[PDB]
$ cat structure29.tsv   # TSV, N, CA and C atoms and all ligand atoms
chain	number	residue	atom	x	y	z
L	1	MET	N	-54.80	202.06	64.74
L	1	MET	CA	-53.55	201.56	64.09
L	1	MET	C	-52.39	202.20	64.83
L	2	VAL	N	-52.68	203.28	65.56
L	2	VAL	CA	-51.69	203.94	66.45
L	2	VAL	C	-51.94	203.57	67.90
L	3	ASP	N	-52.86	202.64	68.15
L	3	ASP	CA	-53.40	202.45	69.49
L	3	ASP	C	-52.37	202.01	70.54
L	4	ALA	N	-51.37	201.25	70.16
L	4	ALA	CA	-50.40	200.80	71.16
L	4	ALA	C	-49.50	201.95	71.65
L	5	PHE	N	-49.45	203.08	70.91
L	5	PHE	CA	-48.69	204.25	71.34
L	5	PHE	C	-49.43	205.07	72.39
L	6	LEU	N	-50.74	204.81	72.58
L	6	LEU	CA	-51.56	205.69	73.41
L	6	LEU	C	-51.29	205.49	74.88
L	7	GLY	N	-51.25	206.59	75.59
L	7	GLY	CA	-51.07	206.52	77.03
L	7	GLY	C	-50.10	207.57	77.53
L	8	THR	N	-49.67	207.34	78.77
L	8	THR	CA	-48.78	208.25	79.47
L	8	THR	C	-47.43	207.55	79.62
L	9	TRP	N	-46.39	208.24	79.25
L	9	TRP	CA	-45.04	207.70	79.14
L	9	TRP	C	-44.06	208.61	79.85
L	10	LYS	N	-43.05	208.03	80.49
L	10	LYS	CA	-42.06	208.84	81.23
L	10	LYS	C	-40.67	208.51	80.74
L	11	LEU	N	-39.81	209.52	80.63
L	11	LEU	CA	-38.45	209.31	80.13
L	11	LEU	C	-37.65	208.50	81.14
L	12	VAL	N	-36.95	207.46	80.61
L	12	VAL	CA	-36.12	206.60	81.45
L	12	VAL	C	-34.71	206.41	80.88
L	13	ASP	N	-34.37	206.97	79.74
L	13	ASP	CA	-33.02	206.87	79.19
L	13	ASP	C	-32.89	207.93	78.12
L	14	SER	N	-31.69	208.51	77.98
L	14	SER	CA	-31.45	209.47	76.92
L	14	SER	C	-30.00	209.37	76.44
L	15	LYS	N	-29.84	209.28	75.14
L	15	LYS	CA	-28.53	209.19	74.51
L	15	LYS	C	-28.42	210.27	73.44
L	16	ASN	N	-27.38	211.12	73.54
L	16	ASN	CA	-27.03	212.09	72.52
L	16	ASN	C	-28.05	213.24	72.39
L	17	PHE	N	-28.86	213.49	73.41
L	17	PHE	CA	-29.78	214.63	73.32
L	17	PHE	C	-29.04	215.95	73.24
L	18	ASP	N	-27.90	216.08	73.92
L	18	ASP	CA	-27.16	217.32	73.82
L	18	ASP	C	-26.70	217.55	72.39
L	19	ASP	N	-26.21	216.49	71.77
L	19	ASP	CA	-25.77	216.63	70.38
L	19	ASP	C	-26.95	217.16	69.53
L	20	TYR	N	-28.13	216.54	69.66
L	20	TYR	CA	-29.31	216.92	68.88
L	20	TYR	C	-29.68	218.39	69.14
L	21	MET	N	-29.74	218.77	70.41
L	21	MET	CA	-30.06	220.16	70.76
L	21	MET	C	-29.02	221.13	70.18
L	22	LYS	N	-27.73	220.77	70.26
L	22	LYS	CA	-26.70	221.63	69.71
L	22	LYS	C	-26.91	221.81	68.21
L	23	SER	N	-27.25	220.72	67.51
L	23	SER	CA	-27.44	220.78	66.08
L	23	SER	C	-28.57	221.76	65.70
L	24	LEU	N	-29.59	221.82	66.54
L	24	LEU	CA	-30.72	222.73	66.36
L	24	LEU	C	-30.38	224.15	66.81
L	25	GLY	N	-29.22	224.42	67.34
L	25	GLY	CA	-28.88	225.78	67.79
L	25	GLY	C	-29.40	226.14	69.16
L	26	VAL	N	-29.73	225.16	69.99
L	26	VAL	CA	-30.20	225.44	71.35
L	26	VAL	C	-29.02	225.92	72.20
L	27	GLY	N	-29.24	226.98	72.95
L	27	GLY	CA	-28.20	227.55	73.80
L	27	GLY	C	-27.79	226.71	74.95
L	28	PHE	N	-26.57	226.95	75.45
L	28	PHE	CA	-26.01	226.05	76.46
L	28	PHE	C	-26.84	225.96	77.72
L	29	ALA	N	-27.45	227.05	78.17
L	29	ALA	CA	-28.20	227.04	79.43
L	29	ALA	C	-29.45	226.19	79.29
L	30	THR	N	-30.12	226.30	78.15
L	30	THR	CA	-31.29	225.45	77.90
L	30	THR	C	-30.85	224.00	77.79
L	31	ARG	N	-29.75	223.73	77.12
L	31	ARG	CA	-29.28	222.34	77.02
L	31	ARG	C	-28.97	221.78	78.41
L	32	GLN	N	-28.36	222.61	79.25
L	32	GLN	CA	-28.01	222.18	80.59
L	32	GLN	C	-29.26	221.68	81.29
L	33	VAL	N	-30.30	222.52	81.38
L	33	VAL	CA	-31.52	222.17	82.10
L	33	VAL	C	-32.19	220.96	81.43
L	34	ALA	N	-32.28	220.99	80.09
L	34	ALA	CA	-32.92	219.89	79.36
L	34	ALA	C	-32.24	218.56	79.65
L	35	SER	N	-30.94	218.54	79.83
L	35	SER	CA	-30.19	217.30	80.08
L	35	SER	C	-30.56	216.65	81.40
L	36	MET	N	-31.19	217.42	82.29
L	36	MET	CA	-31.57	216.96	83.62
L	36	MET	C	-33.08	216.88	83.80
L	37	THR	N	-33.83	217.04	82.73
L	37	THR	CA	-35.29	217.05	82.76
L	37	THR	C	-35.81	215.70	82.27
L	38	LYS	N	-36.81	215.14	82.92
L	38	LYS	CA	-37.45	213.90	82.51
L	38	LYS	C	-38.89	214.20	82.12
L	39	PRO	N	-39.21	214.39	80.86
L	39	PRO	CA	-40.59	214.69	80.50
L	39	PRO	C	-41.51	213.49	80.65
L	40	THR	N	-42.78	213.84	80.74
L	40	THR	CA	-43.90	212.91	80.59
L	40	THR	C	-44.56	213.24	79.27
L	41	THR	N	-44.74	212.22	78.42
L	41	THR	CA	-45.43	212.37	77.15
L	41	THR	C	-46.76	211.65	77.22
L	42	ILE	N	-47.82	212.35	76.84
L	42	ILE	CA	-49.18	211.79	76.84
L	42	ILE	C	-49.66	211.80	75.41
L	43	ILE	N	-50.07	210.63	74.91
L	43	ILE	CA	-50.55	210.50	73.54
L	43	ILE	C	-52.01	210.02	73.64
L	44	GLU	N	-52.90	210.82	73.07
L	44	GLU	CA	-54.35	210.56	73.10
L	44	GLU	C	-54.88	210.60	71.69
L	45	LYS	N	-56.00	209.90	71.44
L	45	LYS	CA	-56.66	210.08	70.14
L	45	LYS	C	-58.14	210.29	70.36
L	46	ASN	N	-58.76	210.98	69.41
L	46	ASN	CA	-60.22	211.16	69.37
L	46	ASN	C	-60.57	211.09	67.91
L	47	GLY	N	-61.02	209.92	67.48
L	47	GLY	CA	-61.17	209.67	66.06
L	47	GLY	C	-59.82	209.68	65.36
L	48	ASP	N	-59.56	210.33	64.25
L	48	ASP	CA	-58.17	210.29	63.69
L	48	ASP	C	-57.40	211.57	64.08
L	49	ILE	N	-57.85	212.28	65.12
L	49	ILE	CA	-57.04	213.39	65.64
L	49	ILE	C	-56.25	212.89	66.84
L	50	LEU	N	-54.94	213.00	66.73
L	50	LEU	CA	-54.05	212.69	67.85
L	50	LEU	C	-53.67	213.99	68.56
L	51	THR	N	-53.51	213.88	69.87
L	51	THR	CA	-52.95	214.97	70.66
L	51	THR	C	-51.76	214.40	71.41
L	52	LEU	N	-50.62	215.09	71.30
L	52	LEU	CA	-49.36	214.65	71.91
L	52	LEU	C	-48.90	215.78	72.81
L	53	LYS	N	-48.94	215.53	74.11
L	53	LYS	CA	-48.52	216.47	75.13
L	53	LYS	C	-47.13	216.05	75.61
L	54	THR	N	-46.28	217.02	75.83
L	54	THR	CA	-44.97	216.76	76.46
L	54	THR	C	-44.88	217.72	77.64
L	55	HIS	N	-44.82	217.17	78.84
L	55	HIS	CA	-44.86	217.96	80.06
L	55	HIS	C	-43.56	217.79	80.82
L	56	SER	N	-43.09	218.87	81.44
L	56	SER	CA	-41.91	218.76	82.27
L	56	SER	C	-41.84	219.95	83.22
L	57	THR	N	-40.85	219.88	84.09
L	57	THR	CA	-40.52	220.98	84.99
L	57	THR	C	-39.91	222.18	84.29
L	58	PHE	N	-39.56	222.05	83.03
L	58	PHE	CA	-38.87	223.11	82.30
L	58	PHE	C	-39.74	223.72	81.22
L	59	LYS	N	-40.08	222.96	80.20
L	59	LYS	CA	-40.94	223.38	79.09
L	59	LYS	C	-42.10	222.40	78.97
L	60	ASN	N	-43.19	222.88	78.38
L	60	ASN	CA	-44.35	222.07	78.05
L	60	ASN	C	-44.74	222.37	76.62
L	61	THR	N	-45.23	221.33	75.95
L	61	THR	CA	-45.78	221.49	74.61
L	61	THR	C	-47.03	220.65	74.52
L	62	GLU	N	-47.85	221.00	73.42
L	62	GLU	CA	-48.96	220.15	73.06
L	62	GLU	C	-49.18	220.43	71.60
L	63	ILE	N	-49.36	219.34	70.80
L	63	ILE	CA	-49.75	219.42	69.38
L	63	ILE	C	-50.96	218.52	69.18
L	64	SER	N	-51.82	218.94	68.25
L	64	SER	CA	-52.90	218.08	67.75
L	64	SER	C	-52.79	218.03	66.24
L	65	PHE	N	-53.06	216.86	65.68
L	65	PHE	CA	-52.88	216.66	64.26
L	65	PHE	C	-53.71	215.48	63.80
L	66	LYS	N	-53.99	215.47	62.51
L	66	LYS	CA	-54.49	214.28	61.82
L	66	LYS	C	-53.32	213.61	61.14
L	67	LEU	N	-53.20	212.26	61.18
L	67	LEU	CA	-52.12	211.56	60.46
L	67	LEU	C	-52.21	211.97	59.01
L	68	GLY	N	-51.06	212.27	58.44
L	68	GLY	CA	-50.96	212.54	57.03
L	68	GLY	C	-51.40	213.88	56.60
L	69	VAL	N	-51.72	214.78	57.53
L	69	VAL	CA	-52.15	216.14	57.17
L	69	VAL	C	-51.19	217.14	57.80
L	70	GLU	N	-50.60	217.98	56.99
L	70	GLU	CA	-49.61	218.94	57.50
L	70	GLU	C	-50.26	219.89	58.51
L	71	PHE	N	-49.45	220.30	59.49
L	71	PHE	CA	-49.88	221.26	60.50
L	71	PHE	C	-48.72	222.18	60.82
L	72	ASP	N	-49.05	223.41	61.24
L	72	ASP	CA	-48.07	224.32	61.79
L	72	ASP	C	-47.75	223.92	63.21
L	73	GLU	N	-46.49	224.09	63.62
L	73	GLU	CA	-46.04	223.75	64.96
L	73	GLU	C	-45.00	224.77	65.40
L	74	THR	N	-45.01	225.06	66.66
L	74	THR	CA	-43.95	225.86	67.27
L	74	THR	C	-43.33	224.97	68.34
L	75	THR	N	-42.07	224.60	68.18
L	75	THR	CA	-41.44	223.58	68.99
L	75	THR	C	-41.02	224.10	70.37
L	76	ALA	N	-40.56	223.20	71.23
L	76	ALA	CA	-40.17	223.56	72.59
L	76	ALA	C	-39.05	224.60	72.60
L	77	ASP	N	-38.18	224.54	71.59
L	77	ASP	CA	-37.07	225.47	71.40
L	77	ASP	C	-37.42	226.62	70.47
L	78	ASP	N	-38.72	226.85	70.23
L	78	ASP	CA	-39.24	228.03	69.55
L	78	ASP	C	-38.95	228.07	68.04
L	79	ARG	N	-38.77	226.92	67.40
L	79	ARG	CA	-38.78	226.89	65.95
L	79	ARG	C	-40.22	226.86	65.43
L	80	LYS	N	-40.50	227.63	64.41
L	80	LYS	CA	-41.79	227.63	63.71
L	80	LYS	C	-41.63	226.75	62.49
L	81	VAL	N	-42.29	225.59	62.51
L	81	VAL	CA	-42.05	224.55	61.52
L	81	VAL	C	-43.37	224.10	60.85
L	82	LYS	N	-43.22	223.46	59.73
L	82	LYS	CA	-44.30	222.76	59.03
L	82	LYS	C	-44.11	221.28	59.32
L	83	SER	N	-45.14	220.65	59.84
L	83	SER	CA	-45.01	219.29	60.35
L	83	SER	C	-46.00	218.35	59.72
L	84	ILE	N	-45.64	217.07	59.71
L	84	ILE	CA	-46.56	216.01	59.33
L	84	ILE	C	-46.19	214.80	60.16
L	85	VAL	N	-47.19	214.06	60.66
L	85	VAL	CA	-47.03	212.81	61.45
L	85	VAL	C	-47.77	211.67	60.70
L	86	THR	N	-47.02	210.57	60.38
L	86	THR	CA	-47.57	209.43	59.66
L	86	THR	C	-47.15	208.16	60.37
L	87	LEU	N	-47.79	207.08	59.99
L	87	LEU	CA	-47.40	205.73	60.43
L	87	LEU	C	-46.63	205.11	59.27
L	88	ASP	N	-45.44	204.61	59.56
L	88	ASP	CA	-44.53	204.13	58.52
L	88	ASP	C	-43.81	202.92	59.13
L	89	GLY	N	-44.06	201.77	58.53
L	89	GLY	CA	-43.46	200.58	59.11
L	89	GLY	C	-43.77	200.38	60.57
L	90	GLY	N	-45.00	200.71	61.01
L	90	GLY	CA	-45.45	200.56	62.41
L	90	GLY	C	-44.88	201.61	63.34
L	91	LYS	N	-44.13	202.56	62.82
L	91	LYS	CA	-43.51	203.63	63.62
L	91	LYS	C	-44.28	204.93	63.37
L	92	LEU	N	-44.41	205.71	64.40
L	92	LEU	CA	-45.04	207.02	64.30
L	92	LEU	C	-43.92	208.00	63.89
L	93	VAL	N	-43.94	208.55	62.66
L	93	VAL	CA	-42.86	209.37	62.11
L	93	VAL	C	-43.36	210.80	62.04
L	94	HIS	N	-42.69	211.69	62.75
L	94	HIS	CA	-43.01	213.14	62.78
L	94	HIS	C	-41.87	213.86	62.07
L	95	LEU	N	-42.19	214.53	60.96
L	95	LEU	CA	-41.22	215.30	60.19
L	95	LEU	C	-41.53	216.76	60.37
L	96	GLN	N	-40.51	217.55	60.73
L	96	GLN	CA	-40.59	219.01	60.85
L	96	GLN	C	-39.69	219.63	59.81
L	97	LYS	N	-40.19	220.66	59.11
L	97	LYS	CA	-39.44	221.40	58.05
L	97	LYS	C	-39.50	222.89	58.35
L	98	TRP	N	-38.37	223.54	58.23
L	98	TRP	CA	-38.32	225.00	58.38
L	98	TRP	C	-37.08	225.50	57.71
L	99	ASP	N	-37.18	226.56	56.95
L	99	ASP	CA	-35.96	227.23	56.42
L	99	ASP	C	-35.09	226.25	55.58
L	100	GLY	N	-35.72	225.26	54.96
L	100	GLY	CA	-34.98	224.24	54.23
L	100	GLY	C	-34.39	223.13	55.11
L	101	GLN	N	-34.37	223.29	56.40
L	101	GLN	CA	-33.93	222.30	57.37
L	101	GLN	C	-35.06	221.32	57.63
L	102	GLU	N	-34.66	220.17	58.11
L	102	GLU	CA	-35.62	219.14	58.52
L	102	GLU	C	-35.07	218.39	59.71
L	103	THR	N	-36.03	217.82	60.43
L	103	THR	CA	-35.71	216.91	61.51
L	103	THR	C	-36.83	215.89	61.60
L	104	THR	N	-36.48	214.66	61.99
L	104	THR	CA	-37.46	213.61	62.22
L	104	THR	C	-37.44	213.21	63.68
L	105	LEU	N	-38.63	212.92	64.18
L	105	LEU	CA	-38.89	212.40	65.52
L	105	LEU	C	-39.65	211.10	65.30
L	106	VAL	N	-38.98	209.96	65.48
L	106	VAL	CA	-39.54	208.67	65.12
L	106	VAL	C	-39.80	207.91	66.40
L	107	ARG	N	-41.02	207.41	66.59
L	107	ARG	CA	-41.37	206.64	67.78
L	107	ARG	C	-41.70	205.21	67.36
L	108	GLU	N	-41.15	204.27	68.11
L	108	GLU	CA	-41.39	202.85	67.87
L	108	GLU	C	-41.50	202.14	69.20
L	109	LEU	N	-42.21	201.04	69.20
L	109	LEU	CA	-42.38	200.24	70.40
L	109	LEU	C	-41.44	199.05	70.32
L	110	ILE	N	-40.61	198.87	71.32
L	110	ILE	CA	-39.64	197.75	71.39
L	110	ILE	C	-39.76	197.18	72.80
L	111	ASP	N	-40.17	195.93	72.90
L	111	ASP	CA	-40.29	195.25	74.22
L	111	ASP	C	-41.13	196.09	75.19
L	112	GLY	N	-42.18	196.73	74.71
L	112	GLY	CA	-43.09	197.53	75.57
L	112	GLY	C	-42.58	198.92	75.89
L	113	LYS	N	-41.39	199.28	75.45
L	113	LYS	CA	-40.85	200.63	75.67
L	113	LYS	C	-41.09	201.44	74.42
L	114	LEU	N	-41.25	202.72	74.59
L	114	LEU	CA	-41.34	203.59	73.43
L	114	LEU	C	-39.96	204.22	73.26
L	115	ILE	N	-39.47	204.04	72.06
L	115	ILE	CA	-38.15	204.54	71.67
L	115	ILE	C	-38.36	205.69	70.70
L	116	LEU	N	-37.87	206.86	71.09
L	116	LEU	CA	-37.94	208.10	70.30
L	116	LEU	C	-36.55	208.36	69.72
L	117	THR	N	-36.44	208.38	68.41
L	117	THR	CA	-35.20	208.68	67.74
L	117	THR	C	-35.34	210.04	67.08
L	118	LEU	N	-34.45	210.95	67.44
L	118	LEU	CA	-34.45	212.34	66.96
L	118	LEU	C	-33.24	212.47	66.02
L	119	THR	N	-33.45	212.94	64.79
L	119	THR	CA	-32.34	213.09	63.84
L	119	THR	C	-32.38	214.49	63.27
L	120	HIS	N	-31.26	215.20	63.31
L	120	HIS	CA	-31.11	216.52	62.64
L	120	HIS	C	-29.65	216.62	62.24
L	121	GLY	N	-29.38	217.01	61.03
L	121	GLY	CA	-28.01	217.04	60.58
L	121	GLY	C	-27.41	215.66	60.73
L	122	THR	N	-26.26	215.54	61.36
L	122	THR	CA	-25.65	214.26	61.65
L	122	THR	C	-26.04	213.72	63.01
L	123	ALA	N	-26.70	214.51	63.83
L	123	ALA	CA	-27.00	214.14	65.20
L	123	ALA	C	-28.16	213.16	65.25
L	124	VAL	N	-27.97	212.09	66.02
L	124	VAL	CA	-28.98	211.06	66.23
L	124	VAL	C	-29.08	210.82	67.72
L	125	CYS	N	-30.24	211.14	68.29
L	125	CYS	CA	-30.52	210.97	69.70
L	125	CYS	C	-31.56	209.88	69.88
L	126	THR	N	-31.36	209.02	70.87
L	126	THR	CA	-32.32	207.96	71.20
L	126	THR	C	-32.78	208.16	72.63
L	127	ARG	N	-34.10	208.36	72.84
L	127	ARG	CA	-34.70	208.54	74.13
L	127	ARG	C	-35.71	207.43	74.35
L	128	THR	N	-35.67	206.86	75.52
L	128	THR	CA	-36.55	205.75	75.86
L	128	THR	C	-37.54	206.18	76.90
L	129	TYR	N	-38.81	205.86	76.65
L	129	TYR	CA	-39.91	206.15	77.54
L	129	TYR	C	-40.54	204.83	77.98
L	130	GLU	N	-41.00	204.81	79.23
L	130	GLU	CA	-41.76	203.66	79.74
L	130	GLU	C	-43.15	204.11	80.15
L	131	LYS	N	-44.06	203.16	80.01
L	131	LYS	CA	-45.46	203.45	80.22
L	131	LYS	C	-45.74	203.62	81.69
L	132	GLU	N	-46.48	204.64	82.02
L	132	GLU	CA	-47.11	204.81	83.36
L	132	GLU	C	-48.60	204.37	83.29
L	201	LIG	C1	-41.32	219.84	76.17
L	201	LIG	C2	-40.25	219.13	76.95
L	201	LIG	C3	-38.92	219.65	76.62
L	201	LIG	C4	-37.79	219.00	77.41
L	201	LIG	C5	-36.47	219.64	77.03
L	201	LIG	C6	-36.42	221.12	77.20
L	201	LIG	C7	-36.25	222.13	76.32
L	201	LIG	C8	-36.24	222.06	74.81
L	201	LIG	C9	-34.94	221.96	74.04
L	201	LIG	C10	-34.89	221.40	72.79
L	201	LIG	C11	-36.16	220.94	72.08
L	201	LIG	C12	-35.94	219.93	70.97
L	201	LIG	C13	-37.27	219.52	70.53
L	201	LIG	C14	-37.89	219.07	71.98
L	201	LIG	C15	-37.68	217.56	71.92
L	201	LIG	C16	-38.31	216.81	73.12
L	201	LIG	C17	-37.94	215.38	73.09
L	201	LIG	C18	-38.77	214.47	73.94
L	201	LIG	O1	-40.00	214.52	73.79
L	201	LIG	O2	-38.20	213.72	74.80

$ encode --input "structure29.tsv" --output "structure tokens"
Amino acid sequence: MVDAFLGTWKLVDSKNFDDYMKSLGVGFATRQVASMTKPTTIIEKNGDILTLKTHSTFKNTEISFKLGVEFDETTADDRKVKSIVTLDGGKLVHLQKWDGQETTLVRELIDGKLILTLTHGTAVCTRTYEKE
């Protein structure tokens, strides 16, 4: 049911990522480098366990999770969060909670592109990935 999200994806557009990073308290030097980084995201499944890798020249992450089951996560910017990833209206919705704060990372497929919408506070970032 998540199968169309599976594969290797490369960043091809980014809007308002600096705003999103600023909202999370990311320092200017990290924002600078991140603004010029194009990650590759790899989404794999093995039964109902998904693994989502984000690789780049700057930072790398990897999470594994079951849909609908909370997991601990330590984000690229070193937040220690409680996370859950579900399918909602055909979109893969990742919610992170820490210290009463929350952020959503929503992935949807539009015309074969994967669109990642990041929301924290008032900041809304839209990043577009294309399939490799
Ligand atoms: C792991 C790759 C990180 C690339 C940016 C570099 C540093 C991290 C700074 C802020 C992290 C915010 C959460 C990371 C969001 C990655 C978004 C994406 O998946 O496009």

$ atom_distance --input "structure29.tsv" --atom1 "atom C of residue 129 of chain L" --atom2 "atom CA of residue 64 of chain L"
20.8 Å

$ select_by_dssp --input "structure29.tsv" --residues "chain L" --states "alpha helix (DSSP H)" --output "tab-separated table (two decimals) with N, CA and C atoms, in the coordinates of the input"
chain	number	residue	atom	x	y	z
L	17	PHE	N	-28.86	213.49	73.41
L	17	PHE	CA	-29.78	214.63	73.32
L	17	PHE	C	-29.04	215.95	73.24
L	18	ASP	N	-27.90	216.08	73.92
L	18	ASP	CA	-27.16	217.32	73.82
L	18	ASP	C	-26.70	217.55	72.39
L	19	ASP	N	-26.21	216.49	71.77
L	19	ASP	CA	-25.77	216.63	70.38
L	19	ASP	C	-26.95	217.16	69.53
L	20	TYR	N	-28.13	216.54	69.66
L	20	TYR	CA	-29.31	216.92	68.88
L	20	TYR	C	-29.68	218.39	69.14
L	21	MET	N	-29.74	218.77	70.41
L	21	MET	CA	-30.06	220.16	70.76
L	21	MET	C	-29.02	221.13	70.18
L	22	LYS	N	-27.73	220.77	70.26
L	22	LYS	CA	-26.70	221.63	69.71
L	22	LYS	C	-26.91	221.81	68.21
L	23	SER	N	-27.25	220.72	67.51
L	23	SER	CA	-27.44	220.78	66.08
L	23	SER	C	-28.57	221.76	65.70
L	28	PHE	N	-26.57	226.95	75.45
L	28	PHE	CA	-26.01	226.05	76.46
L	28	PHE	C	-26.84	225.96	77.72
L	29	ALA	N	-27.45	227.05	78.17
L	29	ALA	CA	-28.20	227.04	79.43
L	29	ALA	C	-29.45	226.19	79.29
L	30	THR	N	-30.12	226.30	78.15
L	30	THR	CA	-31.29	225.45	77.90
L	30	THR	C	-30.85	224.00	77.79
L	31	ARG	N	-29.75	223.73	77.12
L	31	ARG	CA	-29.28	222.34	77.02
L	31	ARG	C	-28.97	221.78	78.41
L	32	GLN	N	-28.36	222.61	79.25
L	32	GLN	CA	-28.01	222.18	80.59
L	32	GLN	C	-29.26	221.68	81.29
L	33	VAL	N	-30.30	222.52	81.38
L	33	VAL	CA	-31.52	222.17	82.10
L	33	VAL	C	-32.19	220.96	81.43
L	34	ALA	N	-32.28	220.99	80.09
L	34	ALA	CA	-32.92	219.89	79.36
L	34	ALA	C	-32.24	218.56	79.65

$ closest_residue --input "structure29.tsv" --among "L:34, L:109, L:95, L:67" --to "ligand LIG 201 (chain L)" --atoms "all atoms listed in the file"
L:34

$ closest_residue --input "structure29.tsv" --among "L:119, L:83, L:46, L:75" --to "ligand LIG 201 (chain L)" --atoms "only N, CA and C atoms and all ligand atoms"
L:75

$ residues_around --input "structure29.tsv" --residues "residue 31 of chain L" --least-positions-apart "5" --cutoff "8 Å" --atoms "all atoms listed in the file" --output "number ranges by chain"
L: 17-18, 21-22, 26, 36

$ residues_near_point --input "structure29.tsv" --point "(-31.1, 209.1, 74.1)" --cutoff "5 Å" --atoms "only N, CA and C atoms" --output "list in words"
residues 13, 14, 15, 16, 17, 125, 126 and 127 of chain L

$ atom_distance --input "structure29.tsv" --atom1 "atom C of residue 43 of chain L" --atom2 "atom CA of residue 7 of chain L"
5.0 Å

$ atom_distance --input "structure29.tsv" --atom1 "atom CA of residue 123 of chain L" --atom2 "atom C of residue 19 of chain L"
5.3 Å

$ closest_residue --input "structure29.tsv" --among "L:70, L:98, L:128, L:1" --to "ligand LIG 201 (chain L)" --atoms "all atoms listed in the file"
L:128

$ closest_residue --input "structure29.tsv" --among "L:28, L:58, L:71, L:9" --to "ligand LIG 201 (chain L)" --atoms "only N, CA and C atoms and all ligand atoms"
L:58

$ closest_residue --input "structure29.tsv" --among "L:56, L:86, L:51, L:103" --to "ligand LIG 201 (chain L)" --atoms "all atoms listed in the file"
L:56

$ closest_residue --input "structure29.tsv" --among "L:82, L:118, L:102, L:113" --to "ligand LIG 201 (chain L)" --atoms "only N, CA and C atoms and all ligand atoms"
L:118

$ residues_around --input "structure29.tsv" --residues "residue 85 of chain L" --least-positions-apart "6" --cutoff "5 Å" --atoms "all atoms listed in the file" --output "MDAnalysis selection string"
chainID L and resid 67:68 93:94

$ axis_aligned_box --input "structure29.tsv" --around "ligand LIG 201 (chain L)" --padding-each-side "3 Å" --output "lines of an AutoDock Vina configuration file"
center_x = -38.1
center_y = 217.9
center_z = 74.0
size_x = 12.4
size_y = 14.4
size_z = 12.9

$ closest_atom_pairs --input "structure29.tsv" --of "chain L" --to "ligand LIG 201 (chain L)" --cutoff "5 Å" --atoms "only N, CA and C atoms and all ligand atoms" --output "Markdown table"
| residue | atom | partner | partner_atom | distance |
| --- | --- | --- | --- | --- |
| L:34 | CA | L:LIG201 | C5 | 4.3 |
| L:54 | C | L:LIG201 | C1 | 4.4 |
| L:59 | C | L:LIG201 | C1 | 3.9 |
| L:60 | N | L:LIG201 | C1 | 4.2 |
| L:61 | N | L:LIG201 | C1 | 4.2 |
| L:76 | C | L:LIG201 | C8 | 4.4 |
| L:77 | N | L:LIG201 | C11 | 4.2 |
